[PDB]
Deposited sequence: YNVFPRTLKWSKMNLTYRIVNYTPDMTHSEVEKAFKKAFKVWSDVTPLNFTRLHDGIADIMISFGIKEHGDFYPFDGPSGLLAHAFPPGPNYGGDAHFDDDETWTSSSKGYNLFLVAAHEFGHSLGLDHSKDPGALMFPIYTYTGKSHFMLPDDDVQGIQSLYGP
């Protein structure tokens, strides 16, 4: 794993500011929740969704320039990114809506990206282990279950413990 500063608290909050047209509000909510559980199952980190106001990790769907000068690029290329732990933009996660998001395989599986992105949100950088979730390349397994690779368990736990 690779770490460049982690959250001083274990109970973090998150808010879904907007939704992509590719999935139902429910599909999106289910995918992010599951993504958060990936890290919550292996550390003491707890996540609570908020509906209004500012949360630690604000989740939004955008295109091109969307408020942080880290513009997206339309179809292909970048699909999403997040800021490391910290206030305001820190930990926030943005998803390029010029990409097709899905709960399955026809496009970018939202759960898998979001899980990868909340890795950054929590303080993790890219892995050198090709089978790691935090590896810089996205992949679909075609399998229903997702077990966080031992490497990311090691990485995440090196910052928050078991």
item: Deposited residues without C-alpha coordinates, grouped into stretches that follow sequence order; value: 5-7
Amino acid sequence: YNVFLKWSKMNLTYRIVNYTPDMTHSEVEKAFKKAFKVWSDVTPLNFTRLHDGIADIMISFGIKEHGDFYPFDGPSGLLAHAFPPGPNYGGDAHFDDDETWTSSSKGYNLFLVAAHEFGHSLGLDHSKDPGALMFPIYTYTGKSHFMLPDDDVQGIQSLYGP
From here on, numbers count along this sequence of modelled residues.
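Rigid core: the largest C-alpha set superposing within 1.5 Å between the two forms.
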{"query": "Comparing 31-39 and 64-72 where Cα RMS over structures and residues is taken in 7 other deposited structures of this protein (core fit), larger one", "finding": "64-72"}
{"query": "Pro149: gap in at least one third of other compared structures", "finding": "no"}
{"query": "Stretch with the higher entry mean CA B-factor, where the candidates are 139-147 and 21-29", "finding": "139-147"}
{"query": "Mean Cα B-factor comparison, 30-38 or 66-74, giving the higher one as deposited", "finding": "66-74"}
{"query": "Criterion, highest CA B-factor; candidates, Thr48, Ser127, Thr43, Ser60", "finding": "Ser127"}
{"query": "Out of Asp52, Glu117, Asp96, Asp56, highest CA B-factor residue", "finding": "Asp52"}
{"query": "Relative C-alpha B-factor of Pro87, binned into the chain's lowest, middle or highest third", "finding": "highest"}
